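Below is one structure, written out as structure tokens; the observations come after it.
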Amino acid sequence: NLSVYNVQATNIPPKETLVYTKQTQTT
Amino acid sequence: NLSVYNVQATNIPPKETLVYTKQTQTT
Amino acid sequence: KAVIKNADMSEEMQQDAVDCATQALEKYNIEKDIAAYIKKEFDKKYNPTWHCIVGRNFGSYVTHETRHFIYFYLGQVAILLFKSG
Amino acid sequence: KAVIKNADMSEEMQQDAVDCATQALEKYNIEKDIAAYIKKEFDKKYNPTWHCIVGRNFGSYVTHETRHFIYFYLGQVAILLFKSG
Amino acid sequence: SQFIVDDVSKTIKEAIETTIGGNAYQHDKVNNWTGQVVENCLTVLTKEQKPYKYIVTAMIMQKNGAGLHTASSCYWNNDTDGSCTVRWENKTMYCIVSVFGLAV
Amino acid sequence: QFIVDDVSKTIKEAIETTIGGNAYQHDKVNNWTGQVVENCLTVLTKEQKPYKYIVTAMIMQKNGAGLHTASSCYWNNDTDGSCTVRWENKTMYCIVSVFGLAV
């Protein structure tokens with residue numbers, strides 16, 4: 001009488017802000 | 001017959017780990 | 001009389017950080033107070049969370065987020081300033 | 001041979017701070033490389049993101065996370081180290 | 001009767017825009033919002049007086065840069081039964097509401 | 001009889017399937033979600049009982065954003081039955097529910 005039926009998929013992909021590393025020496 | 005139900009439930013808010021502000025100098 | 005050693009950020013920000021620090025460097029005489037003044041001022045304008053070091057002898061490994069990093073001298077006094085978190 | 005100056009964190013974490021500092025001290029000659037050593041080591045063990053500053057006369061105003069900050073002397077080298085972001 | 005998909009999504013919309021239309025995210029409030037949104041449709045598709053059973057869900061997620069992922073299959077009779085999902089952003093939180101329409 | 005304690009285990013077995021012991025990242029995520037819903041479905045339709053089944057499963061990077069759900073439903077309050085369970089690691093909160101209903 002009955003069987004499976006369709007997914008309902010919705011997704012909001014992350015993002016994760018950017019970041020750089022840095023190195024610095026005085027004199 | 002037909003009725004209403006709960007309401008379980010889930011609820012997980014943010015946390016933003018605490019933070020302090022300290023200052024240092026050298027001798 | 002200020003030399004920019006390495007910068008990520010940002011004409012206006014950059015030149016704002018520069019011209020600030022100079023104020024700092026004439027009101028306050030103690031190195032840790034110069035940092036205080038700059039760190040505070042930036043949280044006000046450009047939003048937490050900023051960090052400042054101000055020193056003659058030091059080196060640094062640090063992690064910042066984009067267009068929010070600056071490292072320059074005022075004569076001998078070097079300023080490290082960046083945002084992170 | 002350490003002198004702790006200012007501590008937030010961890011005893012056990014306090015240790016790995018001194019412990020692996022002591023290591024950078026003898027492995028590397030230049031302040032910057034010391035910093036980088038201690039940073040990475042701590043990023044790895046205790047999860048991003050950390051920041052290390054090493055020098056002799058510098059001043060500092062920073063924001064850290066509760067129980068993730070330390071600033072201490074090794075010999076006469078200032079070592080500052082904290083997590084933020 | 002049966003399950004008009006528009007006569008739910010138009011009915012959801014009103015709910016969403018009623019409860020969380022014109023305010024940003026705030027913890028002390030959210031859970032009472034979701035509480036309403038859902039106990040609001042139900043109050044509407046039961047007045048409707050159809051020979052149906054229903055299930056009604058609401059998500060609300062803060063916009064902070066976390067990554068959310070939906071998935072929803074079911075096991076009904078495709079001819080008698082049906083369901084409506086609805087998605088609603090502002091600045092400070094996304095939001096997803098999904099009502100299902102199983103027959104007796 | 002909607003054996004809720006037994007169908008409890010069934011859902012906790014949707015972690016001994018897919019990467020319910022690895023960690024989370026963006027480009028490979030929508031493989032898991034769909035599959036978690038799929039496998040939990042087969043093992044109650046194999047049983048062919050007089051139930052219908054709705055089943056949802058949700059996944060949210062552990063970033064520090066707030067998350068809130070709502071479970072208002074309307075059914076035969078004696079034969080129809082719900083099961084929701086929660087499981088998390090250090091990467092991700094994960095949250096799954098299933099609904100059985102009558103005839």
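Chain labels follow the order of the structure tokens: the first chain is A, the next B, and so on; residue numbering restarts at 1 in every chain, and ligands are counted from 1 in their shown order.
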
| query | chain B residues within 9 Å of chain F, counting only C-alpha atoms: which ones, as a ChimeraX atom specification? | reply | /B:1-17

| field | Contacts of residue C:21 within 9 Å, only C-alpha atoms, excl. fewer than 5 positions in-chain, as a PyMOL selection string | value | chain C and resi 16+26+34-35+37-38+74+79

Would you mind exporting C-alpha atoms of the selected residues as a PDB file, in the first residue's frame?
ATOM      1  CA  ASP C  16      44.675  55.965  11.722  1.00  0.00           C
ATOM      2  CA  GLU C  26      53.615  61.742  23.892  1.00  0.00           C
ATOM      3  CA  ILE C  34      51.288  53.228  25.109  1.00  0.00           C
ATOM      4  CA  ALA C  35      49.887  49.796  24.270  1.00  0.00           C
ATOM      5  CA  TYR C  37      45.972  53.591  24.822  1.00  0.00           C
ATOM      6  CA  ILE C  38      46.020  52.063  21.339  1.00  0.00           C
ATOM      7  CA  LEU C  74      58.169  55.295  15.837  1.00  0.00           C
ATOM      8  CA  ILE C  79      54.301  48.881  17.623  1.00  0.00           C
TER       9      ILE C  79
END

Please write out chain B, superposed on chain A by least squares over all C-alpha atoms matched in order, as a PDB file with N, CA and C atoms, in the first residue's frame.
ATOM      1  N   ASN B   1      -0.256   3.700  -4.386  1.00  0.00           N
ATOM      2  CA  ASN B   1      -0.848   4.233  -3.126  1.00  0.00           C
ATOM      3  C   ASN B   1       0.171   5.002  -2.291  1.00  0.00           C
ATOM      4  N   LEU B   2       0.314   4.607  -1.030  1.00  0.00           N
ATOM      5  CA  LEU B   2       1.069   5.392  -0.061  1.00  0.00           C
ATOM      6  C   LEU B   2       2.519   4.927   0.017  1.00  0.00           C
ATOM      7  N   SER B   3       3.445   5.879  -0.037  1.00  0.00           N
ATOM      8  CA  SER B   3       4.853   5.566  -0.242  1.00  0.00           C
ATOM      9  C   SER B   3       5.752   6.578   0.463  1.00  0.00           C
ATOM     10  N   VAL B   4       7.060   6.421   0.291  1.00  0.00           N
ATOM     11  CA  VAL B   4       8.029   7.283   0.957  1.00  0.00           C
ATOM     12  C   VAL B   4       8.758   8.171  -0.047  1.00  0.00           C
ATOM     13  N   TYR B   5       9.349   9.254   0.449  1.00  0.00           N
ATOM     14  CA  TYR B   5       9.817  10.332  -0.413  1.00  0.00           C
ATOM     15  C   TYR B   5      11.072  10.991   0.151  1.00  0.00           C
ATOM     16  N   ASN B   6      11.579  11.991  -0.561  1.00  0.00           N
ATOM     17  CA  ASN B   6      12.864  12.594  -0.228  1.00  0.00           C
ATOM     18  C   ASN B   6      12.706  13.905   0.535  1.00  0.00           C
ATOM     19  N   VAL B   7      13.477  14.056   1.607  1.00  0.00           N
ATOM     20  CA  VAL B   7      14.922  13.877   1.542  1.00  0.00           C
ATOM     21  C   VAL B   7      15.581  15.014   0.768  1.00  0.00           C
ATOM     22  N   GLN B   8      14.830  16.088   0.551  1.00  0.00           N
ATOM     23  CA  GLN B   8      15.409  17.351   0.104  1.00  0.00           C
ATOM     24  C   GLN B   8      15.362  18.401   1.209  1.00  0.00           C
ATOM     25  N   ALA B   9      16.242  18.253   2.195  1.00  0.00           N
ATOM     26  CA  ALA B   9      17.611  17.820   1.944  1.00  0.00           C
ATOM     27  C   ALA B   9      18.597  18.559   2.841  1.00  0.00           C
ATOM     28  N   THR B  10      18.274  19.809   3.163  1.00  0.00           N
ATOM     29  CA  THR B  10      19.263  20.881   3.161  1.00  0.00           C
ATOM     30  C   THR B  10      20.396  20.587   4.139  1.00  0.00           C
ATOM     31  N   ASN B  11      21.605  21.012   3.781  1.00  0.00           N
ATOM     32  CA  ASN B  11      22.779  20.764   4.607  1.00  0.00           C
ATOM     33  C   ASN B  11      23.824  21.865   4.467  1.00  0.00           C
ATOM     34  N   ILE B  12      23.984  22.660   5.520  1.00  0.00           N
ATOM     35  CA  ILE B  12      24.961  23.742   5.523  1.00  0.00           C
ATOM     36  C   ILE B  12      25.837  23.692   6.770  1.00  0.00           C
ATOM     37  N   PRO B  13      27.053  23.144   6.630  1.00  0.00           N
ATOM     38  CA  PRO B  13      28.006  23.044   7.730  1.00  0.00           C
ATOM     39  C   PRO B  13      28.658  24.386   8.037  1.00  0.00           C
ATOM     40  N   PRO B  14      29.591  24.402   9.001  1.00  0.00           N
ATOM     41  CA  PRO B  14      30.315  25.612   9.377  1.00  0.00           C
ATOM     42  C   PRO B  14      31.339  26.010   8.319  1.00  0.00           C
ATOM     43  N   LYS B  15      32.246  26.911   8.679  1.00  0.00           N
ATOM     44  CA  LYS B  15      33.228  27.429   7.735  1.00  0.00           C
ATOM     45  C   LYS B  15      34.466  27.949   8.458  1.00  0.00           C
ATOM     46  N   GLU B  16      34.268  28.443   9.676  1.00  0.00           N
ATOM     47  CA  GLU B  16      35.323  29.144  10.399  1.00  0.00           C
ATOM     48  C   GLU B  16      36.374  29.697   9.441  1.00  0.00           C
ATOM     49  N   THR B  17      36.145  30.915   8.959  1.00  0.00           N
ATOM     50  CA  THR B  17      37.118  31.599   8.117  1.00  0.00           C
ATOM     51  C   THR B  17      38.544  31.233   8.517  1.00  0.00           C
ATOM     52  N   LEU B  18      39.378  30.945   7.523  1.00  0.00           N
ATOM     53  CA  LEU B  18      40.763  30.563   7.771  1.00  0.00           C
ATOM     54  C   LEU B  18      41.465  31.586   8.658  1.00  0.00           C
ATOM     55  N   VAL B  19      42.754  31.368   8.898  1.00  0.00           N
ATOM     56  CA  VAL B  19      43.578  32.344   9.601  1.00  0.00           C
ATOM     57  C   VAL B  19      45.059  31.998   9.489  1.00  0.00           C
ATOM     58  N   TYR B  20      45.897  33.026   9.402  1.00  0.00           N
ATOM     59  CA  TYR B  20      47.343  32.837   9.401  1.00  0.00           C
ATOM     60  C   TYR B  20      47.977  33.438  10.651  1.00  0.00           C
ATOM     61  N   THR B  21      49.251  33.126  10.871  1.00  0.00           N
ATOM     62  CA  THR B  21      49.974  33.636  12.030  1.00  0.00           C
ATOM     63  C   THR B  21      51.313  34.243  11.623  1.00  0.00           C
ATOM     64  N   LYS B  22      51.376  35.571  11.617  1.00  0.00           N
ATOM     65  CA  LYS B  22      52.565  36.280  11.159  1.00  0.00           C
ATOM     66  C   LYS B  22      53.167  37.125  12.276  1.00  0.00           C
ATOM     67  N   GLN B  23      54.489  37.272  12.254  1.00  0.00           N
ATOM     68  CA  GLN B  23      55.191  38.051  13.266  1.00  0.00           C
ATOM     69  C   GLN B  23      56.049  39.138  12.629  1.00  0.00           C
ATOM     70  N   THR B  24      56.129  40.288  13.290  1.00  0.00           N
ATOM     71  CA  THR B  24      56.848  41.435  12.749  1.00  0.00           C
ATOM     72  C   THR B  24      57.681  42.124  13.827  1.00  0.00           C
ATOM     73  N   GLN B  25      58.795  42.720  13.416  1.00  0.00           N
ATOM     74  CA  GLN B  25      59.561  43.601  14.290  1.00  0.00           C
ATOM     75  C   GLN B  25      59.991  44.867  13.557  1.00  0.00           C
ATOM     76  N   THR B  26      60.493  45.840  14.311  1.00  0.00           N
ATOM     77  CA  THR B  26      60.768  47.165  13.768  1.00  0.00           C
ATOM     78  C   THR B  26      62.267  47.443  13.727  1.00  0.00           C
ATOM     79  N   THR B  27      62.686  48.263  12.769  1.00  0.00           N
ATOM     80  CA  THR B  27      64.096  48.594  12.606  1.00  0.00           C
ATOM     81  C   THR B  27      64.484  49.794  13.463  1.00  0.00           C
TER      82      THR B  27
END

| query | residue E:12: which residues within 8 Å, counting only C-alpha atoms, same-chain residues fewer than 6 positions away excluded, as a list in words? | reply | residues 41, 86 and 97 of chain E

Kindly save the residues from that selection, with N, CA and C atoms included, as a PDB file, in the first residue's frame.
ATOM      1  N   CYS E  41       0.488  27.278  13.765  1.00  0.00           N
ATOM      2  CA  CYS E  41      -0.013  26.466  12.663  1.00  0.00           C
ATOM      3  C   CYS E  41      -1.042  25.451  13.149  1.00  0.00           C
ATOM      4  N   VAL E  86       9.526  25.404   4.642  1.00  0.00           N
ATOM      5  CA  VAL E  86       9.597  26.840   4.401  1.00  0.00           C
ATOM      6  C   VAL E  86      10.822  27.452   5.074  1.00  0.00           C
ATOM      7  N   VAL E  97      10.731  25.814   8.815  1.00  0.00           N
ATOM      8  CA  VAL E  97       9.499  25.244   9.346  1.00  0.00           C
ATOM      9  C   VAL E  97       8.914  24.206   8.394  1.00  0.00           C
TER      10      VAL E  97
END

Within 9 Å of chain B: residues of chain E, using only C-alpha atoms, as a short mmCIF file (atom, residue, chain, number, x, y, z; two decimals) with N, CA, C and O atoms, in the first residue's frame:
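That gives us selection-v2.cif:
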data_model
loop_
_atom_site.label_atom_id
_atom_site.label_comp_id
_atom_site.auth_asym_id
_atom_site.auth_seq_id
_atom_site.Cartn_x
_atom_site.Cartn_y
_atom_site.Cartn_z
N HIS E 27 18.40 35.14 23.10
CA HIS E 27 18.28 33.82 23.72
C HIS E 27 17.05 33.74 24.61
O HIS E 27 16.35 32.73 24.63
N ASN E 31 13.16 30.27 22.27
CA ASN E 31 12.46 29.01 22.48
C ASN E 31 10.95 29.21 22.62
O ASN E 31 10.17 28.34 22.26
N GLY E 35 8.18 27.81 20.04
CA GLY E 35 6.99 27.33 20.74
C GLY E 35 5.71 27.87 20.13
O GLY E 35 4.75 27.12 19.92
N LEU E 42 -0.65 24.63 14.12
CA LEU E 42 -1.53 23.60 14.66
C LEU E 42 -2.90 24.17 14.98
O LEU E 42 -3.92 23.52 14.75
N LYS E 53 -3.84 13.58 10.17
CA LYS E 53 -2.88 13.83 11.24
C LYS E 53 -1.73 14.70 10.76
O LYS E 53 -1.41 14.73 9.57
N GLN E 62 20.75 30.94 14.97
CA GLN E 62 21.56 32.15 14.87
C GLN E 62 22.45 32.11 13.63
O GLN E 62 23.01 31.07 13.29
#

| Residue neighbourhood residue C:82, 6 Å, only C-alpha atoms, exclusion window fewer than 3 positions, as a list in words | residues 50, 51, 64, 68 and 69 of chain C

| query | If you run DSSP on the backbone, which residues of chain C are alpha helix (DSSP H), as a VMD selection string? | reply | chain C and resid 12 to 27 31 to 45

For chain C against chain B, which residues fall within 9 Å using only C-alpha atoms, given as an mmCIF file with N, CA, C and O atoms, in the first residue's frame?
data_model
loop_
_atom_site.group_PDB
_atom_site.id
_atom_site.type_symbol
_atom_site.label_atom_id
_atom_site.label_comp_id
_atom_site.auth_asym_id
_atom_site.auth_seq_id
_atom_site.Cartn_x
_atom_site.Cartn_y
_atom_site.Cartn_z
ATOM 1 N N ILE C 30 55.455 55.322 29.637
ATOM 2 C CA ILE C 30 55.705 53.924 29.960
ATOM 3 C C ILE C 30 55.177 53.003 28.866
ATOM 4 O O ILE C 30 54.054 53.168 28.392
ATOM 5 N N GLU C 31 55.995 52.033 28.470
ATOM 6 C CA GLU C 31 55.741 51.263 27.258
ATOM 7 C C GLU C 31 54.385 50.569 27.321
ATOM 8 O O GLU C 31 53.691 50.449 26.311
ATOM 9 N N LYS C 32 54.013 50.111 28.511
ATOM 10 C CA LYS C 32 52.801 49.320 28.684
ATOM 11 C C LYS C 32 51.555 50.198 28.632
ATOM 12 O O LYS C 32 50.446 49.707 28.419
ATOM 13 N N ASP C 33 51.745 51.498 28.825
ATOM 14 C CA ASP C 33 50.641 52.451 28.771
ATOM 15 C C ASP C 33 50.370 52.899 27.340
ATOM 16 O O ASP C 33 49.229 53.178 26.971
ATOM 17 N N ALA C 35 50.713 50.902 24.738
ATOM 18 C CA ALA C 35 49.887 49.796 24.270
ATOM 19 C C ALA C 35 48.443 49.952 24.736
ATOM 20 O O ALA C 35 47.511 49.886 23.934
ATOM 21 N N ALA C 36 48.265 50.157 26.037
ATOM 22 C CA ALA C 36 46.940 50.378 26.604
ATOM 23 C C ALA C 36 46.127 51.342 25.748
ATOM 24 O O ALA C 36 45.000 51.040 25.355
#

| message | To one decimal place in Å, what is the distance between atom CA of residue D:78 and atom CA of residue D:13? | response |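 Interatomic distance here is 18.0 Å.
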
| Selection: 7 Å around residue E:103, only C-alpha atoms, excl. self and same-chain fewer than 6 positions, as a ChimeraX atom specification | /E:51-53,80-81

Same residues, N, CA, C and O atoms, saved as a tab-separated table (two decimals), in the first residue's frame:
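Everything below was put into selection10.tsv:
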chain	number	residue	atom	x	y	z
E	51	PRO	N	-9.61	15.31	7.72
E	51	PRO	CA	-9.36	13.96	8.21
E	51	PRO	C	-7.87	13.62	8.17
E	51	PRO	O	-7.49	12.59	7.61
E	52	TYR	N	-7.05	14.47	8.77
E	52	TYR	CA	-5.60	14.32	8.68
E	52	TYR	C	-4.96	14.28	10.06
E	52	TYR	O	-5.48	14.86	11.01
E	53	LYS	N	-3.84	13.58	10.17
E	53	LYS	CA	-2.88	13.83	11.24
E	53	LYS	C	-1.73	14.70	10.76
E	53	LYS	O	-1.41	14.73	9.57
E	80	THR	N	-2.02	10.22	-0.81
E	80	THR	CA	-2.91	10.72	0.24
E	80	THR	C	-2.21	11.75	1.12
E	80	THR	O	-2.85	12.57	1.77
E	81	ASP	N	-0.88	11.70	1.13
E	81	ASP	CA	-0.10	12.41	2.13
E	81	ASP	C	0.89	13.38	1.48
E	81	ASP	O	1.32	13.17	0.34

| task | Using DSSP on the backbone coordinates, identify all residues within chain D classified as strand (DSSP E); present the result as a PyMOL selection string. | result | chain D and resi 2-8+50-64+69-74+77-83

Those selected residues, please, written with N, CA, C and O atoms and delivered as a CSV table (one decimal), in the first residue's frame.
chain,number,residue,atom,x,y,z
D,2,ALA,N,62.8,29.5,36.2
D,2,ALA,CA,61.7,30.4,35.8
D,2,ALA,C,61.3,31.4,36.9
D,2,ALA,O,61.4,31.1,38.1
D,3,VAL,N,60.9,32.6,36.5
D,3,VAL,CA,60.1,33.4,37.3
D,3,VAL,C,58.7,33.8,36.7
D,3,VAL,O,58.7,34.7,35.8
D,4,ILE,N,57.7,33.2,37.2
D,4,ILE,CA,56.3,33.5,36.8
D,4,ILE,C,56.0,35.0,37.3
D,4,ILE,O,56.2,35.3,38.4
D,5,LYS,N,55.4,35.8,36.4
D,5,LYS,CA,55.1,37.1,36.7
D,5,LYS,C,53.6,37.3,36.8
D,5,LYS,O,53.1,38.1,37.6
D,6,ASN,N,52.8,36.6,36.0
D,6,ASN,CA,51.4,36.8,35.8
D,6,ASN,C,50.7,35.6,35.1
D,6,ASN,O,51.1,35.3,34.0
D,7,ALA,N,49.8,35.0,35.8
D,7,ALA,CA,49.4,33.6,35.5
D,7,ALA,C,47.8,33.5,35.5
D,7,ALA,O,47.2,33.9,36.5
D,8,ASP,N,47.3,33.1,34.4
D,8,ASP,CA,45.9,32.7,34.3
D,8,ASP,C,45.7,31.4,33.4
D,8,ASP,O,46.0,31.5,32.2
D,50,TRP,N,46.7,30.6,19.7
D,50,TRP,CA,47.6,31.2,20.7
D,50,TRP,C,48.4,32.3,20.1
D,50,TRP,O,48.5,32.5,18.9
D,51,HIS,N,49.1,33.1,21.0
D,51,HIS,CA,50.0,34.1,20.5
D,51,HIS,C,51.2,34.2,21.5
D,51,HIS,O,51.0,34.4,22.7
D,52,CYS,N,52.4,34.2,21.0
D,52,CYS,CA,53.6,34.3,21.8
D,52,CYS,C,54.4,35.6,21.4
D,52,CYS,O,54.6,35.9,20.3
D,53,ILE,N,54.8,36.3,22.5
D,53,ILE,CA,55.7,37.4,22.3
D,53,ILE,C,56.9,37.2,23.2
D,53,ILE,O,56.8,36.9,24.4
D,54,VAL,N,58.1,37.2,22.6
D,54,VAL,CA,59.4,37.1,23.4
D,54,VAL,C,60.3,38.3,23.2
D,54,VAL,O,60.6,38.7,22.1
D,55,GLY,N,60.7,38.9,24.3
D,55,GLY,CA,61.7,39.9,24.2
D,55,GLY,C,62.3,40.3,25.6
D,55,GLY,O,62.1,39.5,26.6
D,56,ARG,N,62.9,41.4,25.7
D,56,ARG,CA,63.7,41.8,26.9
D,56,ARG,C,63.1,43.1,27.5
D,56,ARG,O,62.9,43.1,28.7
D,57,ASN,N,62.8,44.1,26.7
D,57,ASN,CA,62.0,45.2,27.1
D,57,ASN,C,60.9,45.5,26.2
D,57,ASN,O,61.0,46.3,25.2
D,58,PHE,N,59.7,45.0,26.5
D,58,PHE,CA,58.5,45.3,25.7
D,58,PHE,C,57.3,45.5,26.7
D,58,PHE,O,57.3,45.0,27.8
D,59,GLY,N,56.3,46.2,26.3
D,59,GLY,CA,55.1,46.3,27.0
D,59,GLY,C,53.8,45.9,26.2
D,59,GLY,O,53.9,45.9,25.0
D,60,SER,N,52.8,45.6,26.9
D,60,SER,CA,51.7,44.7,26.3
D,60,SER,C,50.4,45.0,27.0
D,60,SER,O,50.2,45.1,28.2
D,61,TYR,N,49.3,45.1,26.1
D,61,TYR,CA,48.0,45.1,26.6
D,61,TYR,C,47.1,44.3,25.7
D,61,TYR,O,46.9,44.6,24.5
D,62,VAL,N,46.6,43.1,26.2
D,62,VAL,CA,46.0,42.1,25.4
D,62,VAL,C,44.7,41.6,26.1
D,62,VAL,O,44.5,41.7,27.3
D,63,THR,N,43.9,41.0,25.3
D,63,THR,CA,42.7,40.2,25.8
D,63,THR,C,42.9,38.7,25.5
D,63,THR,O,43.1,38.3,24.4
D,64,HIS,N,42.7,37.9,26.6
D,64,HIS,CA,42.8,36.5,26.5
D,64,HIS,C,41.5,35.8,26.9
D,64,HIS,O,40.6,36.5,27.4
D,69,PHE,N,46.2,32.2,29.8
D,69,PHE,CA,47.2,33.3,29.7
D,69,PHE,C,48.4,33.2,30.6
D,69,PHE,O,48.2,32.7,31.8
D,70,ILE,N,49.6,33.5,30.2
D,70,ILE,CA,50.7,33.4,31.1
D,70,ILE,C,51.8,34.4,30.6
D,70,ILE,O,52.1,34.5,29.4
D,71,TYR,N,52.5,35.0,31.5
D,71,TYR,CA,53.7,35.9,31.2
D,71,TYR,C,54.7,35.8,32.2
D,71,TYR,O,54.5,36.1,33.4
D,72,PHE,N,55.9,35.3,31.8
D,72,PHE,CA,56.9,34.8,32.8
D,72,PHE,C,58.3,35.1,32.2
D,72,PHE,O,58.5,35.3,31.0
D,73,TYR,N,59.3,35.1,33.2
D,73,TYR,CA,60.7,35.3,32.8
D,73,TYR,C,61.5,33.9,32.7
D,73,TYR,O,61.3,33.1,33.6
D,74,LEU,N,62.2,33.8,31.7
D,74,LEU,CA,63.3,32.7,31.6
D,74,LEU,C,64.6,33.3,31.5
D,74,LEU,O,65.0,33.9,30.5
D,77,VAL,N,64.7,36.8,29.8
D,77,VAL,CA,63.9,36.9,28.7
D,77,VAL,C,62.4,36.9,29.0
D,77,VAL,O,61.9,35.9,29.6
D,78,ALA,N,61.7,37.9,28.6
D,78,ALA,CA,60.3,38.0,28.8
D,78,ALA,C,59.5,37.0,27.9
D,78,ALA,O,59.8,37.0,26.7
D,79,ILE,N,58.6,36.3,28.4
D,79,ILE,CA,57.8,35.3,27.6
D,79,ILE,C,56.3,35.5,27.9
D,79,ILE,O,55.8,35.3,29.0
D,80,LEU,N,55.6,36.0,26.9
D,80,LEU,CA,54.1,36.2,27.0
D,80,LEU,C,53.4,35.3,26.0
D,80,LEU,O,53.8,35.1,24.9
D,81,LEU,N,52.2,34.8,26.4
D,81,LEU,CA,51.6,33.7,25.8
D,81,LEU,C,50.2,33.5,26.2
D,81,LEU,O,49.9,33.3,27.4
D,82,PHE,N,49.2,33.5,25.3
D,82,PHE,CA,47.8,33.6,25.6
D,82,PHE,C,46.9,33.3,24.4
D,82,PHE,O,47.4,33.4,23.2
D,83,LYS,N,45.7,32.8,24.6
D,83,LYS,CA,44.8,32.4,23.6
D,83,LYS,C,43.7,33.4,23.4
D,83,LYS,O,43.1,34.0,24.3
